[PDB]
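K.L.:
Have a peek at data_1.pdb (PDB, C-alpha atoms).
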```pdb
ATOM      1  CA  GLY A  11      87.546 152.473  34.887  1.00  0.00           C
ATOM      2  CA  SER A  12      89.779 154.791  36.928  1.00  0.00           C
ATOM      3  CA  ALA A  13      87.275 154.448  39.786  1.00  0.00           C
ATOM      4  CA  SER A  14      88.711 150.962  40.316  1.00  0.00           C
ATOM      5  CA  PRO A  15      92.428 150.477  41.127  1.00  0.00           C
ATOM      6  CA  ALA A  16      92.671 147.188  39.200  1.00  0.00           C
ATOM      7  CA  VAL A  17      90.803 148.571  36.184  1.00  0.00           C
ATOM      8  CA  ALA A  18      93.046 151.635  36.248  1.00  0.00           C
ATOM      9  CA  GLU A  19      96.069 149.322  36.036  1.00  0.00           C
ATOM     10  CA  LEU A  20      94.476 147.338  33.212  1.00  0.00           C
ATOM     11  CA  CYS A  21      93.937 150.615  31.353  1.00  0.00           C
ATOM     12  CA  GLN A  22      97.718 151.134  31.187  1.00  0.00           C
ATOM     13  CA  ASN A  23      98.002 148.506  28.425  1.00  0.00           C
ATOM     14  CA  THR A  24      98.064 149.112  24.673  1.00  0.00           C
ATOM     15  CA  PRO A  25      94.653 149.105  22.880  1.00  0.00           C
ATOM     16  CA  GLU A  26      94.777 145.590  21.373  1.00  0.00           C
ATOM     17  CA  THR A  27      95.958 143.991  24.596  1.00  0.00           C
ATOM     18  CA  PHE A  28      93.360 145.874  26.654  1.00  0.00           C
ATOM     19  CA  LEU A  29      90.534 144.843  24.321  1.00  0.00           C
ATOM     20  CA  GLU A  30      91.597 141.185  24.297  1.00  0.00           C
ATOM     21  CA  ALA A  31      91.955 140.973  28.088  1.00  0.00           C
ATOM     22  CA  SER A  32      88.797 142.970  28.862  1.00  0.00           C
ATOM     23  CA  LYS A  33      86.728 140.869  26.439  1.00  0.00           C
ATOM     24  CA  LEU A  34      87.781 137.680  28.227  1.00  0.00           C
ATOM     25  CA  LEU A  35      87.174 139.291  31.641  1.00  0.00           C
ATOM     26  CA  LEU A  36      83.622 140.287  30.639  1.00  0.00           C
ATOM     27  CA  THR A  37      83.062 136.743  29.315  1.00  0.00           C
ATOM     28  CA  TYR A  38      83.884 135.227  32.717  1.00  0.00           C
ATOM     29  CA  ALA A  39      81.702 137.719  34.602  1.00  0.00           C
ATOM     30  CA  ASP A  40      78.727 137.316  32.251  1.00  0.00           C
ATOM     31  CA  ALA A  41      78.743 133.513  32.512  1.00  0.00           C
ATOM     32  CA  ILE A  42      78.175 133.788  36.270  1.00  0.00           C
ATOM     33  CA  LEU A  43      75.646 136.639  36.026  1.00  0.00           C
ATOM     34  CA  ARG A  44      73.725 134.625  33.418  1.00  0.00           C
ATOM     35  CA  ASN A  45      73.564 131.549  35.679  1.00  0.00           C
ATOM     36  CA  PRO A  46      74.767 132.229  39.253  1.00  0.00           C
ATOM     37  CA  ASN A  47      73.953 128.619  40.161  1.00  0.00           C
ATOM     38  CA  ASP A  48      76.376 126.948  37.731  1.00  0.00           C
ATOM     39  CA  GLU A  49      79.595 125.932  39.487  1.00  0.00           C
ATOM     40  CA  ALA A  50      81.606 125.423  36.288  1.00  0.00           C
ATOM     41  CA  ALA A  51      81.257 129.143  35.541  1.00  0.00           C
ATOM     42  CA  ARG A  52      82.679 129.895  38.994  1.00  0.00           C
ATOM     43  CA  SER A  53      86.081 128.289  38.349  1.00  0.00           C
ATOM     44  CA  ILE A  54      88.877 129.245  35.942  1.00  0.00           C
ATOM     45  CA  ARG A  55      91.752 126.785  35.453  1.00  0.00           C
ATOM     46  CA  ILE A  56      95.017 128.723  35.615  1.00  0.00           C
ATOM     47  CA  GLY A  57      96.622 126.519  32.959  1.00  0.00           C
ATOM     48  CA  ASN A  58      93.737 127.148  30.538  1.00  0.00           C
ATOM     49  CA  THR A  59      94.943 128.484  27.162  1.00  0.00           C
ATOM     50  CA  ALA A  60      92.891 131.700  27.270  1.00  0.00           C
ATOM     51  CA  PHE A  61      93.819 132.571  30.859  1.00  0.00           C
ATOM     52  CA  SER A  62      97.534 131.764  30.604  1.00  0.00           C
ATOM     53  CA  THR A  63      97.984 133.651  27.324  1.00  0.00           C
ATOM     54  CA  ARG A  64      95.530 136.551  27.588  1.00  0.00           C
ATOM     55  CA  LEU A  65      95.347 137.480  31.278  1.00  0.00           C
ATOM     56  CA  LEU A  66      98.315 136.054  33.192  1.00  0.00           C
ATOM     57  CA  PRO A  67     100.948 138.109  31.316  1.00  0.00           C
ATOM     58  CA  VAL A  68      98.845 141.288  31.251  1.00  0.00           C
ATOM     59  CA  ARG A  69      99.213 144.091  33.797  1.00  0.00           C
ATOM     60  CA  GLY A  70      96.042 144.539  35.874  1.00  0.00           C
ATOM     61  CA  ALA A  71      94.100 141.665  34.267  1.00  0.00           C
ATOM     62  CA  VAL A  72      94.238 139.130  37.090  1.00  0.00           C
ATOM     63  CA  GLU A  73      93.827 141.980  39.595  1.00  0.00           C
ATOM     64  CA  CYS A  74      90.431 142.678  38.010  1.00  0.00           C
ATOM     65  CA  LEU A  75      89.284 139.121  38.730  1.00  0.00           C
ATOM     66  CA  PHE A  76      90.305 139.618  42.346  1.00  0.00           C
ATOM     67  CA  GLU A  77      88.245 142.815  42.652  1.00  0.00           C
ATOM     68  CA  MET A  78      85.272 140.979  41.105  1.00  0.00           C
ATOM     69  CA  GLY A  79      85.439 138.461  43.936  1.00  0.00           C
ATOM     70  CA  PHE A  80      87.599 135.608  42.584  1.00  0.00           C
ATOM     71  CA  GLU A  81      90.250 134.047  44.856  1.00  0.00           C
ATOM     72  CA  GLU A  82      93.400 132.217  43.707  1.00  0.00           C
ATOM     73  CA  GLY A  83      94.136 128.590  44.526  1.00  0.00           C
ATOM     74  CA  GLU A  84      96.860 126.176  43.417  1.00  0.00           C
ATOM     75  CA  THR A  85      95.180 125.290  40.113  1.00  0.00           C
ATOM     76  CA  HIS A  86      92.097 127.522  39.717  1.00  0.00           C
ATOM     77  CA  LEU A  87      90.712 130.979  40.481  1.00  0.00           C
ATOM     78  CA  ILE A  88      87.364 130.475  42.238  1.00  0.00           C
ATOM     79  CA  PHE A  89      84.322 132.748  42.724  1.00  0.00           C
ATOM     80  CA  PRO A  90      82.840 131.622  46.112  1.00  0.00           C
ATOM     81  CA  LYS A  91      79.114 131.022  46.530  1.00  0.00           C
ATOM     82  CA  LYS A  92      79.228 133.670  49.269  1.00  0.00           C
ATOM     83  CA  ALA A  93      80.704 136.259  46.891  1.00  0.00           C
ATOM     84  CA  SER A  94      78.585 139.296  45.992  1.00  0.00           C
ATOM     85  CA  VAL A  95      77.085 139.300  42.504  1.00  0.00           C
ATOM     86  CA  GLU A  96      76.538 143.042  42.981  1.00  0.00           C
ATOM     87  CA  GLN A  97      80.296 143.556  43.366  1.00  0.00           C
ATOM     88  CA  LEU A  98      80.839 141.335  40.311  1.00  0.00           C
ATOM     89  CA  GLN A  99      78.452 143.455  38.215  1.00  0.00           C
ATOM     90  CA  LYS A 100      80.093 146.656  39.491  1.00  0.00           C
ATOM     91  CA  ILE A 101      83.565 145.709  38.253  1.00  0.00           C
ATOM     92  CA  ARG A 102      82.071 144.265  35.064  1.00  0.00           C
ATOM     93  CA  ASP A 103      80.580 147.674  34.230  1.00  0.00           C
ATOM     94  CA  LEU A 104      83.711 149.621  35.199  1.00  0.00           C
ATOM     95  CA  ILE A 105      85.660 147.511  32.678  1.00  0.00           C
ATOM     96  CA  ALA A 106      83.050 147.754  29.911  1.00  0.00           C
ATOM     97  CA  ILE A 107      82.945 151.568  29.982  1.00  0.00           C
ATOM     98  CA  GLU A 108      86.675 151.687  29.154  1.00  0.00           C
ATOM     99  CA  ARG A 109      86.471 149.727  25.884  1.00  0.00           C
TER     100      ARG A 109
END
```
Mind converting the file's structure to structure tokens?
P.N.:
Amino acid sequence: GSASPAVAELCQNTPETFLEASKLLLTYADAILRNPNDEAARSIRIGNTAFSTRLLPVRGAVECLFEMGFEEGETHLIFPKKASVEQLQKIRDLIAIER
């Protein structure tokens, strides 16, 4: 948690909002860690219902995706093939220990 700036920001939310956002964040990370060779898992459409309603309006949520290794484009957030899965796992754990 507090060891990460983005996670520390995410922690400033109320309990229900934190749990909802963190659950979705762990879902995205786990999909990649479960199959690092699947490109669908490496892209999140910004207009997607879950993203636009559970992360976009939440303090620190999108910042956590950035620390994981995702980068923002015009329509999607993308986790590059060059990105470190070790860094991804690191942020994933720092979020999980705060739930």
K.L.:
So which one's closest to residue A:50, A:88, A:71, A:20, A:29? Using all atoms listed in the file, please.
P.N.:
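Among A:88, A:71, A:20, A:29, it is A:88 that comes nearest to residue A:50.
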K.L.:
Using all atoms listed in the file, can you tell me which of A:104, A:48, A:27, A:78 comes closest to residue A:63?
P.N.:
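Distance minimum relative to residue A:63 lands on A:27.
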K.L.:
Could you check the closest approach to residue A:83 for each of A:54, A:36, A:21, A:42 and tell me which residue wins, using all atoms listed in the file?
P.N.:
A:54
K.L.:
Would you kindly return, as a list in words, each protein, DNA or RNA residue with an atom no farther than 9 Å from any atom of residue A:77, considering only C-alpha atoms and excluding same-chain residues fewer than 6 positions away?
P.N.:
residues 14, 15, 16, 97, 98 and 101 of chain A
K.L.:
Could you tell me how far atom CA of residue A:55 sits from atom CA of residue A:18, in Å to one decimal place?
P.N.:
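Distance reported for this atom pair: 24.9 Å.
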K.L.:
Which residues would end up in the selection if the PyMOL selection byres ((chain A and resi 56) around 8) were applied here, given that I need the answer as a PyMOL selection string?
P.N.:
chain A and resi 54-55+57-58+61-62+85-87
K.L.:
Print the selection's residues with C-alpha atoms to a file, as a PDB file, in the coordinates of the input.
P.N.:
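Ended up saving to result-v1.pdb:
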```pdb
ATOM      1  CA  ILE A  54      88.877 129.245  35.942  1.00  0.00           C
ATOM      2  CA  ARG A  55      91.752 126.785  35.453  1.00  0.00           C
ATOM      3  CA  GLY A  57      96.622 126.519  32.959  1.00  0.00           C
ATOM      4  CA  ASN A  58      93.737 127.148  30.538  1.00  0.00           C
ATOM      5  CA  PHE A  61      93.819 132.571  30.859  1.00  0.00           C
ATOM      6  CA  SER A  62      97.534 131.764  30.604  1.00  0.00           C
ATOM      7  CA  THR A  85      95.180 125.290  40.113  1.00  0.00           C
ATOM      8  CA  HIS A  86      92.097 127.522  39.717  1.00  0.00           C
ATOM      9  CA  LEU A  87      90.712 130.979  40.481  1.00  0.00           C
TER      10      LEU A  87
END
```
K.L.:
List the residues selected by the PyMOL selection byres ((chain A and resi 95) around 10) in the file shown, writing them as a JSON list (two decimals) with C-alpha atoms, keeping the file's coordinate frame.
P.N.:
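See result17.json below for the written result:
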```
[["chain", "number", "residue", "atom", "x", "y", "z"],
["A", 39, "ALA", "CA", 81.70, 137.72, 34.60],
["A", 42, "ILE", "CA", 78.18, 133.79, 36.27],
["A", 43, "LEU", "CA", 75.65, 136.64, 36.03],
["A", 46, "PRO", "CA", 74.77, 132.23, 39.25],
["A", 78, "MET", "CA", 85.27, 140.98, 41.10],
["A", 79, "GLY", "CA", 85.44, 138.46, 43.94],
["A", 89, "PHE", "CA", 84.32, 132.75, 42.72],
["A", 91, "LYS", "CA", 79.11, 131.02, 46.53],
["A", 92, "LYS", "CA", 79.23, 133.67, 49.27],
["A", 93, "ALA", "CA", 80.70, 136.26, 46.89],
["A", 94, "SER", "CA", 78.58, 139.30, 45.99],
["A", 96, "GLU", "CA", 76.54, 143.04, 42.98],
["A", 97, "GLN", "CA", 80.30, 143.56, 43.37],
["A", 98, "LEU", "CA", 80.84, 141.34, 40.31],
["A", 99, "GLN", "CA", 78.45, 143.46, 38.22],
["A", 100, "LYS", "CA", 80.09, 146.66, 39.49]]
```
K.L.:
May I ask for the distance between atom CA of residue A:37 and atom CA of residue A:12, given in Å to one decimal place?
P.N.:
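Answer for the atom CA of residue A:37 to atom CA of residue A:12 separation: 20.7 Å.
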K.L.:
What is the atom CA of residue A:28 to atom CA of residue A:109 distance in Å?
P.N.:
7.9 Å
K.L.:
Neighbours of residue A:69 within 9 Å (all atoms listed in the file; same-chain residues fewer than 4 positions away dropped), as a PyMOL selection string?
P.N.:
chain A and resi 19-23+65+73
K.L.:
When you look at residue A:30 with a cut-off of 9 Å (counting only C-alpha atoms), what residues show up, excluding the ones that are within fewer than 5 positions of it in the same chain? I need them as number ranges by chain.
P.N.:
A: 25, 35, 64-65
K.L.:
Dump C-alpha atoms for the selected residues as a short mmCIF file (atom, residue, chain, number, x, y, z; two decimals), in the coordinates of the input?
P.N.:
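See again_20.cif below for the written result:
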```cif
data_model
loop_
_atom_site.label_atom_id
_atom_site.label_comp_id
_atom_site.auth_asym_id
_atom_site.auth_seq_id
_atom_site.Cartn_x
_atom_site.Cartn_y
_atom_site.Cartn_z
CA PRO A 25 94.65 149.10 22.88
CA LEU A 35 87.17 139.29 31.64
CA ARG A 64 95.53 136.55 27.59
CA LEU A 65 95.35 137.48 31.28
#
```
K.L.:
Pick the closest to residue A:52 from A:34, A:66, A:90, A:84: which is it, counting all atoms listed in the file?
P.N.:
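Of A:34, A:66, A:90, A:84, the one nearest residue A:52 is A:90, counting all atoms listed in the file.
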K.L.:
Return the single residue from A:17, A:44, A:80, A:103 that is closest to residue A:31, with distances computed using only C-alpha atoms.
P.N.:
A:17
K.L.:
Given all atoms listed in the file as the basis, pick out the residue of A:38, A:32, A:13, A:26 nearest to residue A:70.
P.N.:
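Checking each of A:38, A:32, A:13, A:26 against residue A:70, counting all atoms listed in the file, the winner is A:32.
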